[PDB]
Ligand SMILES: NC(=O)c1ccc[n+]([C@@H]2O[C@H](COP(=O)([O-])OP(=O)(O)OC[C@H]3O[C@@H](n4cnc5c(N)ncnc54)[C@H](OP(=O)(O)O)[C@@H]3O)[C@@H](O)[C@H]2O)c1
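Below sits a lone chain in structure tokens, taken as the form solved without the ligand.
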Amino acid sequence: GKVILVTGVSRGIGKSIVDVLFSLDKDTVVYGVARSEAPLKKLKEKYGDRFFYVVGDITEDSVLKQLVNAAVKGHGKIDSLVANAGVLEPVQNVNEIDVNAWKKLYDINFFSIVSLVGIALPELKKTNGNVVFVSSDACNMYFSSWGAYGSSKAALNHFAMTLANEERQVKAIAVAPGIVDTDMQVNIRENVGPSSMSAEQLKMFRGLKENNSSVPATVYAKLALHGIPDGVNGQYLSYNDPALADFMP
């Protein structure tokens, strides 16, 4: 079966993509990572030795190498990578013009993924594999009031095109999920200060959350399993672009 790495799997669309992968195919193996062990254990308990995980922050290169080494050690190869920064959540000082906070958010949403692709790339070359990015719909970047939360998340869009131009033995695609990726579980509101999210950002964020997926998760899952078509290699698309019709449920 295909060996697929998936990041950001604790919540939101990353969790759904794991769920969908296992329902689509009986042979696929998934190695996931998230920062919290609880939901990784729950996935391991549900899916058994179809699922393996590393716990930690992918802004640590050591965590990335653990995850890549664990897949090659345990199953001998890597077919695909579903590169996902995970759900939107408030991060300290991002609503300020604060280079330290911006660098930290760009490392969460963009550079850790660049680092992971670089680390996994030699295995992906071996299988002529696929890199599927879970990017953001906020390509209305045109106008966006999401500040650094939006620009850092959307940086994967151009990255897909650059990776596919530069590395011809692999394919890459960036797909927007038609929603703002948030934790879907009913949660107590958190006390979020204005240096972290503007009042508007917080109010929309809560609205969206208190409103929120299997359909776009399937698109990502089918691209990772069956491969990216040549005609969309390098591109960034909504999950509902007609060029993706064969990757729908």
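When you see a residue number, it is the position in the sequence shown, counting from 1. So that the term is clear: the rigid core is the largest set of C-alpha atoms that superpose within 1.5 Å between two forms.
The same protein also exists as the form solved in complex with the ligand; that form is not shown, yet it is the one meant from here on.
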*Taking the pose of the ligand in the bound PDB entry and superimposing the surrounding C-alphas onto this chain, would you call the site open or blocked (blocked if 3 or more ligand atoms come within 2.4 Å of backbone or C-beta atoms)?*
blocked
*What stretch, of 65-73, 42-50, 190-198, 28-36, brings heavy atoms to within 4.5 Å of the ligand in the bound PDB entry?*
28-36
*asked:* I'd like to know if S10 sits close to the ligand in the bound PDB entry, meaning any non-hydrogen atom pair within 4.5 angstroms.
replied: yes
*Taking heavy atoms and a 4.5 Å cut-off, does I108 contact the ligand in the bound PDB entry?*
yes
*Can you check whether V134 is within 4.5 Å of the ligand in the bound PDB entry, heavy atom basis?*
yes
*Is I179 close enough to the ligand in the bound PDB entry to count, meaning some heavy atom within 4.5 Å?*
yes
*asked:* the ligand is absent from this chain, but in the bound PDB entry, do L124, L223 and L244 each have a non-hydrogen atom within 4.5 Å of it?
replied: no
_the ligand in the bound PDB entry - contacting residues of 80-118, heavy atom within 4.5 Å_ = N84, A85, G86, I108
*asked:* Superpose on the core and compare between this form and the one not shown; which one of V29, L223, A34, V180 crosses the 2 Å Cα shift mark?
replied: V180
*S196 C-alpha shift between this form and the one not shown of 2 Å or more, rigid core reference*: yes
*Does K65 count as moved between this form and the one not shown, where moved means a C-alpha shift of 2 angstroms or more after fitting the rigid core?*
no
*Does the distance between the two CA positions of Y47 reach 2 Å or more between this form and the one not shown, the core being superposed?*
no
_Pair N191/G14, Cα separation in the bound PDB entry versus the displayed form, closer or farther by 3 angstroms or more_ = closer
*Do the C-alpha atoms of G86 and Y106 sit closer or farther apart in the bound PDB entry than they do here, given a shift of 3 Å or more?*
closer
